[PDB]
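*Asks:* Data file run_5.pdb (PDB, C-alpha atoms) is appended below.
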MODEL        1
ATOM      1  CA  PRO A   1      62.604 103.499 187.119
ATOM      2  CA  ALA A   2      66.123 105.029 187.135
ATOM      3  CA  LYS A   3      68.280 103.448 184.400
ATOM      4  CA  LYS A   4      71.339 101.362 185.414
ATOM      5  CA  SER A   5      74.933 102.743 184.530
ATOM      6  CA  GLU A   6      75.206  99.859 181.931
ATOM      7  CA  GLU A   7      71.882 100.951 180.368
ATOM      8  CA  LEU A   8      72.874 104.622 180.140
ATOM      9  CA  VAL A   9      76.209 103.658 178.572
ATOM     10  CA  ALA A  10      74.528 101.470 176.014
ATOM     11  CA  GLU A  11      71.800 104.096 175.040
ATOM     12  CA  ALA A  12      74.575 106.679 174.527
ATOM     13  CA  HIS A  13      76.453 104.268 172.254
ATOM     14  CA  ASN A  14      73.210 103.569 170.369
ATOM     15  CA  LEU A  15      72.301 107.217 169.972
ATOM     16  CA  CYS A  16      75.889 108.145 168.903
ATOM     17  CA  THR A  17      75.966 105.553 166.057
ATOM     18  CA  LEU A  18      72.424 106.647 165.006
ATOM     19  CA  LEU A  19      73.678 110.314 164.906
ATOM     20  CA  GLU A  20      76.845 109.487 162.911
ATOM     21  CA  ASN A  21      75.013 107.548 160.344
ATOM     22  CA  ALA A  22      72.203 110.136 160.183
ATOM     23  CA  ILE A  23      74.822 112.766 159.624
ATOM     24  CA  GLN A  24      76.987 110.908 157.121
ATOM     25  CA  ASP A  25      73.905 109.983 155.014
ATOM     26  CA  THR A  26      72.783 113.662 154.986
ATOM     27  CA  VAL A  27      76.258 114.762 153.844
ATOM     28  CA  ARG A  28      76.435 111.887 151.251
ATOM     29  CA  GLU A  29      72.916 112.166 149.711
ATOM     30  CA  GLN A  30      73.119 115.949 149.017
ATOM     31  CA  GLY A  31      76.542 115.257 147.431
ATOM     32  CA  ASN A  32      74.669 113.718 144.532
ATOM     33  CA  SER A  33      74.366 117.249 143.277
ATOM     34  CA  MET A  34      71.856 118.649 140.837
ATOM     35  CA  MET A  35      75.018 120.508 139.667
ATOM     36  CA  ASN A  36      76.092 117.240 137.940
ATOM     37  CA  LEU A  37      73.142 117.013 135.628
ATOM     38  CA  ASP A  38      73.178 118.084 131.937
ATOM     39  CA  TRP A  39      72.113 121.711 131.893
ATOM     40  CA  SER A  40      73.098 122.279 128.292
ATOM     41  CA  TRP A  41      69.539 122.211 126.991
ATOM     42  CA  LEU A  42      69.642 125.717 128.496
ATOM     43  CA  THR A  43      71.822 126.838 125.562
TER
ATOM     44  CA  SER B   1      85.980 114.748 184.501
ATOM     45  CA  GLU B   2      84.217 117.163 185.021
ATOM     46  CA  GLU B   3      86.345 118.595 182.265
ATOM     47  CA  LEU B   4      84.486 115.793 180.432
ATOM     48  CA  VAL B   5      81.070 116.825 181.730
ATOM     49  CA  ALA B   6      81.699 120.420 180.655
ATOM     50  CA  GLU B   7      83.105 119.328 177.300
ATOM     51  CA  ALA B   8      79.991 117.278 176.608
ATOM     52  CA  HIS B   9      77.515 120.133 177.314
ATOM     53  CA  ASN B  10      79.518 122.287 174.911
ATOM     54  CA  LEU B  11      79.721 119.612 172.214
ATOM     55  CA  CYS B  12      75.931 119.285 172.567
ATOM     56  CA  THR B  13      75.367 123.061 172.302
ATOM     57  CA  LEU B  14      77.430 123.213 169.100
ATOM     58  CA  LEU B  15      75.509 120.229 167.759
ATOM     59  CA  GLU B  16      72.110 121.877 168.458
ATOM     60  CA  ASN B  17      73.242 125.170 166.865
ATOM     61  CA  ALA B  18      74.756 123.377 163.766
ATOM     62  CA  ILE B  19      71.548 121.403 163.157
ATOM     63  CA  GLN B  20      69.448 124.485 163.792
ATOM     64  CA  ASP B  21      71.153 126.403 160.995
ATOM     65  CA  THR B  22      71.269 123.278 158.701
ATOM     66  CA  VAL B  23      67.506 122.768 159.289
ATOM     67  CA  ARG B  24      66.914 126.554 158.893
ATOM     68  CA  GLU B  25      67.956 127.416 155.267
ATOM     69  CA  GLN B  26      65.635 124.528 154.261
ATOM     70  CA  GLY B  27      62.746 126.829 155.396
ATOM     71  CA  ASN B  28      63.171 128.879 152.201
ATOM     72  CA  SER B  29      62.158 126.160 149.771
ATOM     73  CA  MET B  30      62.029 126.581 146.022
ATOM     74  CA  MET B  31      58.679 124.866 146.208
ATOM     75  CA  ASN B  32      57.342 128.353 147.113
ATOM     76  CA  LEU B  33      58.473 129.963 143.866
ATOM     77  CA  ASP B  34      56.241 130.689 140.927
ATOM     78  CA  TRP B  35      56.462 127.669 138.627
ATOM     79  CA  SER B  36      53.279 128.607 136.655
ATOM     80  CA  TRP B  37      55.255 129.616 133.529
ATOM     81  CA  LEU B  38      55.599 125.858 133.061
ATOM     82  CA  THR B  39      51.882 125.639 132.542
TER
ATOM     83  CA  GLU C   1      85.266 110.034 202.738
ATOM     84  CA  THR C   2      85.927 108.136 199.466
ATOM     85  CA  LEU C   3      82.369 106.707 199.285
ATOM     86  CA  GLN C   4      80.407 110.029 199.439
ATOM     87  CA  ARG C   5      82.904 111.446 196.926
ATOM     88  CA  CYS C   6      82.353 108.633 194.431
ATOM     89  CA  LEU C   7      78.631 108.484 194.747
ATOM     90  CA  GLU C   8      78.443 112.231 194.145
ATOM     91  CA  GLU C   9      80.557 111.914 190.971
ATOM     92  CA  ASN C  10      78.445 108.907 189.940
ATOM     93  CA  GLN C  11      75.248 110.992 190.047
ATOM     94  CA  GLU C  12      76.873 113.872 188.127
ATOM     95  CA  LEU C  13      78.203 111.589 185.404
ATOM     96  CA  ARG C  14      74.719 109.916 185.278
ATOM     97  CA  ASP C  15      73.125 113.387 184.866
ATOM     98  CA  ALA C  16      75.550 114.347 182.124
ATOM     99  CA  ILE C  17      74.697 111.155 180.237
ATOM    100  CA  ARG C  18      70.831 111.242 180.569
ATOM    101  CA  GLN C  19      70.812 114.859 179.373
ATOM    102  CA  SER C  20      73.149 114.369 176.456
ATOM    103  CA  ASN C  21      71.093 111.289 175.506
ATOM    104  CA  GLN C  22      67.913 113.364 175.522
ATOM    105  CA  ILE C  23      69.565 115.888 173.161
ATOM    106  CA  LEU C  24      70.900 113.187 170.818
ATOM    107  CA  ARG C  25      67.530 111.633 170.583
ATOM    108  CA  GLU C  26      65.916 115.054 169.769
ATOM    109  CA  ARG C  27      68.729 115.932 167.298
ATOM    110  CA  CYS C  28      68.560 112.594 165.454
ATOM    111  CA  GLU C  29      64.799 112.903 165.090
ATOM    112  CA  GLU C  30      65.184 116.431 163.745
ATOM    113  CA  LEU C  31      67.859 115.226 161.365
ATOM    114  CA  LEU C  32      65.758 112.312 160.101
ATOM    115  CA  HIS C  33      62.913 114.724 159.307
ATOM    116  CA  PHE C  34      65.303 117.118 157.460
ATOM    117  CA  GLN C  35      66.527 114.235 155.425
ATOM    118  CA  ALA C  36      63.018 113.420 154.337
ATOM    119  CA  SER C  37      62.387 117.142 153.381
ATOM    120  CA  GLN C  38      65.618 117.274 151.474
ATOM    121  CA  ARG C  39      64.638 114.158 149.476
ATOM    122  CA  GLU C  40      61.198 115.692 148.647
ATOM    123  CA  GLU C  41      62.628 119.113 147.593
ATOM    124  CA  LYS C  42      65.031 117.293 145.336
ATOM    125  CA  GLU C  43      62.279 115.115 143.759
ATOM    126  CA  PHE C  44      60.338 118.366 143.337
ATOM    127  CA  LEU C  45      63.168 120.210 141.647
ATOM    128  CA  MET C  46      64.214 117.259 139.436
ATOM    129  CA  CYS C  47      60.565 117.136 138.281
ATOM    130  CA  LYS C  48      60.325 120.924 137.492
ATOM    131  CA  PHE C  49      63.610 120.936 135.803
ATOM    132  CA  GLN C  50      62.616 117.878 133.641
ATOM    133  CA  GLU C  51      59.312 119.576 132.704
ATOM    134  CA  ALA C  52      61.289 122.738 131.853
ATOM    135  CA  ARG C  53      63.632 120.712 129.644
ATOM    136  CA  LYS C  54      60.723 119.042 127.793
ATOM    137  CA  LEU C  55      58.958 122.414 127.371
ATOM    138  CA  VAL C  56      62.103 123.928 125.852
ATOM    139  CA  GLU C  57      62.560 120.869 123.592
ATOM    140  CA  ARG C  58      58.894 121.203 122.618
ATOM    141  CA  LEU C  59      59.114 124.843 121.553
ATOM    142  CA  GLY C  60      62.121 124.643 119.178
ATOM    143  CA  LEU C  61      59.854 122.639 116.829
TER
ATOM    144  CA  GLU D   1      80.485  96.978 200.099
ATOM    145  CA  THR D   2      79.742  99.175 197.044
ATOM    146  CA  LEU D   3      82.763 101.478 196.480
ATOM    147  CA  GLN D   4      84.356  99.097 193.925
ATOM    148  CA  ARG D   5      81.020  99.022 191.929
ATOM    149  CA  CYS D   6      80.897 102.807 192.092
ATOM    150  CA  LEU D   7      84.467 103.262 190.843
ATOM    151  CA  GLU D   8      83.940 100.737 188.032
ATOM    152  CA  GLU D   9      80.751 102.518 186.944
ATOM    153  CA  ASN D  10      82.435 105.932 187.125
ATOM    154  CA  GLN D  11      85.108 104.626 184.832
ATOM    155  CA  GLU D  12      82.633 103.118 182.306
ATOM    156  CA  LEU D  13      80.619 106.381 182.325
ATOM    157  CA  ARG D  14      83.660 108.589 181.723
ATOM    158  CA  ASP D  15      84.615 106.378 178.812
ATOM    159  CA  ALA D  16      81.047 106.685 177.425
ATOM    160  CA  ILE D  17      81.296 110.495 177.639
ATOM    161  CA  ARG D  18      84.826 110.605 176.233
ATOM    162  CA  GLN D  19      83.798 108.555 173.146
ATOM    163  CA  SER D  20      80.625 110.455 172.391
ATOM    164  CA  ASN D  21      82.560 113.781 172.768
ATOM    165  CA  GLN D  22      84.971 112.572 170.078
ATOM    166  CA  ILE D  23      82.060 111.578 167.757
ATOM    167  CA  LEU D  24      80.242 114.846 168.436
ATOM    168  CA  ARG D  25      83.456 116.738 167.481
ATOM    169  CA  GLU D  26      83.863 114.942 164.173
ATOM    170  CA  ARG D  27      80.185 115.159 163.296
ATOM    171  CA  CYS D  28      79.776 118.917 163.904
ATOM    172  CA  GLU D  29      82.817 119.643 161.684
ATOM    173  CA  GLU D  30      80.968 117.731 158.930
ATOM    174  CA  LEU D  31      77.742 119.681 159.474
ATOM    175  CA  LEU D  32      79.469 123.087 159.232
ATOM    176  CA  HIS D  33      80.894 122.000 155.902
ATOM    177  CA  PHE D  34      77.543 120.735 154.824
ATOM    178  CA  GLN D  35      76.086 124.237 155.490
ATOM    179  CA  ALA D  36      78.356 125.737 152.836
ATOM    180  CA  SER D  37      77.564 122.921 150.287
ATOM    181  CA  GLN D  38      73.835 123.462 150.850
ATOM    182  CA  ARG D  39      74.101 127.199 150.125
ATOM    183  CA  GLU D  40      76.239 126.701 146.934
ATOM    184  CA  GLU D  41      73.625 124.392 145.386
ATOM    185  CA  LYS D  42      70.818 126.758 146.637
ATOM    186  CA  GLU D  43      72.311 129.556 144.587
ATOM    187  CA  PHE D  44      73.129 127.365 141.597
ATOM    188  CA  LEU D  45      69.534 126.085 141.299
ATOM    189  CA  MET D  46      68.046 129.546 141.733
ATOM    190  CA  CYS D  47      70.255 130.640 138.878
ATOM    191  CA  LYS D  48      68.972 127.795 136.704
ATOM    192  CA  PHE D  49      65.262 128.480 137.645
ATOM    193  CA  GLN D  50      65.851 132.068 136.455
ATOM    194  CA  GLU D  51      67.595 131.190 133.213
ATOM    195  CA  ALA D  52      64.938 128.580 132.582
ATOM    196  CA  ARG D  53      62.070 131.073 133.150
ATOM    197  CA  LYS D  54      63.855 133.597 130.783
ATOM    198  CA  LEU D  55      64.381 131.056 128.005
ATOM    199  CA  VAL D  56      60.749 129.860 128.233
ATOM    200  CA  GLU D  57      59.479 133.466 128.162
ATOM    201  CA  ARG D  58      61.551 134.063 125.051
ATOM    202  CA  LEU D  59      60.525 130.973 123.083
ATOM    203  CA  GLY D  60      56.842 131.743 123.909
ATOM    204  CA  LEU D  61      57.381 135.152 122.191
ATOM    205  CA  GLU D  62      59.213 133.128 119.541
TER
ENDMDL
END
Could you write out this structure as structure tokens?
*Replies:*
Amino acid sequence: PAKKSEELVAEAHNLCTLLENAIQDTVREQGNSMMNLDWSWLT
Amino acid sequence: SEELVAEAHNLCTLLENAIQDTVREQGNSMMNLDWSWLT
Amino acid sequence: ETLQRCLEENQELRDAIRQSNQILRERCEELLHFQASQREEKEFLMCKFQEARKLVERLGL
Amino acid sequence: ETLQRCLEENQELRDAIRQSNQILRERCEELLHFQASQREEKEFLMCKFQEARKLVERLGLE
């Protein structure tokens, strides 16, 4: 059954928010860098 | 509009490319290195 | 005629939206899986690099 | 009569596409930056694997 205009508009809003948050979390999580650990045991 | 419709297909193409190259470099995982000198 | 014109632009905007929605649902799913791989690689490397630290500590003695 | 419903829907649909376009723009910019961050840490950890392997090799000798 072909989706109504309303229904299409709402899925797109849903999928947009899901994409933003999926992207911002990806960007944020990796930004807890293993570069910030203590590496000084290495000398 | 259809400036809009053309702008969306292009936004989408960029998105698919960007994720493809984000999800690519992952393919060479340091899990595949020799860690046996630990053991 | 203003009706045929509108209906035709209604279908094209409805085709632009279904297609873009398909891509966003594929891209989000891909991105959710990458996030899980990233988290596992990191747990892996934090483990190795903690074992390496303890093996260094352990040798100095 | 259905022209009014058609013109209303066309408007709501164009606004849906406009908004997502905007979000797609901002989000790709972030991804491209991410790609650089991901390769900097890549090369930093590889460096540390190497140094770590060297050190361990040397202490083992003693």
*Asks:* Since I can't run it myself right now, could you work out what the PyMOL selection byres ((chain B and resi 8) around 9) selects here and report it as an MDAnalysis selection string?
*Replies:* (chainID B and resid 3:7 9:13) or (chainID C and resid 16:17 20) or (chainID D and resid 17:18 20:21 24)
*Asks:* Step by step, work through what the ChimeraX specification (/A :<7) & /D selects in the shown file, and finish by giving those residues as number ranges by chain.
*Replies:* D: 9, 13, 16, 20, 27, 34, 52
*Asks:* Assuming the chain letters and numbering stay as they are in my file, what does the PyMOL selection byres ((chain C and resi 48-55) around 8) actually select? List them as a ChimeraX atom specification.
*Replies:* /A:41-42 /B:35,38 /C:44-47,56-59 /D:49,52,56
*Asks:* Would you give me, as a PyMOL selection string, the residues of chain B that come within 12 Å of chain A, using all atoms listed in the file?
*Replies:* chain B and resi 12+15+18-19+22-23
*Asks:* In Å to one decimal, how far is CA of residue 36 in chain B from CA of residue 57 in chain D?
*Replies:* 11.6 Å
*Asks:* Mind checking which residues fall within 12 Å of residue 32 in chain A, counting all atoms listed in the file, ignoring those fewer than 6 positions away in the same chain, and posting them as a list in words?
*Replies:*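 After dropping sequence-adjacent residues, the list is residues 25 and 26 of chain A; 38, 39 and 42 of chain C; 37, 38 and 41 of chain D.
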*Asks:* Please, what distance in Å, to one decimal, runs between CA of residue 29 in chain A and CA of residue 53 in chain D?
*Replies:*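 Here the two named atoms are 27.4 Å from each other.
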*Asks:* To one decimal place, how far is CA of residue 16 in chain B from CA of residue 28 in chain B in Å?
*Replies:*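 That distance, rounded to one decimal, is 19.8 Å.
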*Asks:* Measuring atom to atom with only C-alpha atoms, identify which of D:54, D:25, D:33, D:48 is nearest to chain B.
*Replies:* D:25
*Asks:* Write out as a ChimeraX atom specification each polymer residue whose atoms come within 12 Å of residue 4 in chain C, counting all atoms listed in the file; drop sequence neighbours fewer than 4 positions from it.
*Replies:* /C:8-11 /D:2-3,6-7
*Asks:* Mind giving me the axis-aligned box for range 23-26 of chain A with 5 Å on every side, centre plus edges in Å to one decimal, as lines of an AutoDock Vina configuration file?
*Replies:*
center_x = 74.9
center_y = 111.8
center_z = 157.3
size_x = 14.2
size_y = 13.7
size_z = 14.6
*Asks:* Counting only C-alpha atoms, a student should be able to say which residues of chain C come within 7 Å of chain A; what is the right answer, written as number ranges by chain?
*Replies:* C: 17-18, 21, 24-25, 28, 31-32, 35, 53
*Asks:* Output C-alpha atoms for every residue in that selection, as a short mmCIF file (atom, residue, chain, number, x, y, z; two decimals), in the frame of the given file.
*Replies:*
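Output file part22.cif follows:
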data_model
loop_
_atom_site.label_atom_id
_atom_site.label_comp_id
_atom_site.auth_asym_id
_atom_site.auth_seq_id
_atom_site.Cartn_x
_atom_site.Cartn_y
_atom_site.Cartn_z
CA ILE C 17 74.70 111.16 180.24
CA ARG C 18 70.83 111.24 180.57
CA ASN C 21 71.09 111.29 175.51
CA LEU C 24 70.90 113.19 170.82
CA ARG C 25 67.53 111.63 170.58
CA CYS C 28 68.56 112.59 165.45
CA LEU C 31 67.86 115.23 161.36
CA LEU C 32 65.76 112.31 160.10
CA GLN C 35 66.53 114.24 155.43
CA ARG C 53 63.63 120.71 129.64
#
*Asks:* Rank nothing, just name the residue among C:36, C:61, C:23, C:3 nearest to chain D, using only C-alpha atoms.
*Replies:* C:3
*Asks:* Nearest to chain D among C:22, C:33, C:1, C:13, with distances taken over all atoms listed in the file: which residue is it?
*Replies:* C:13
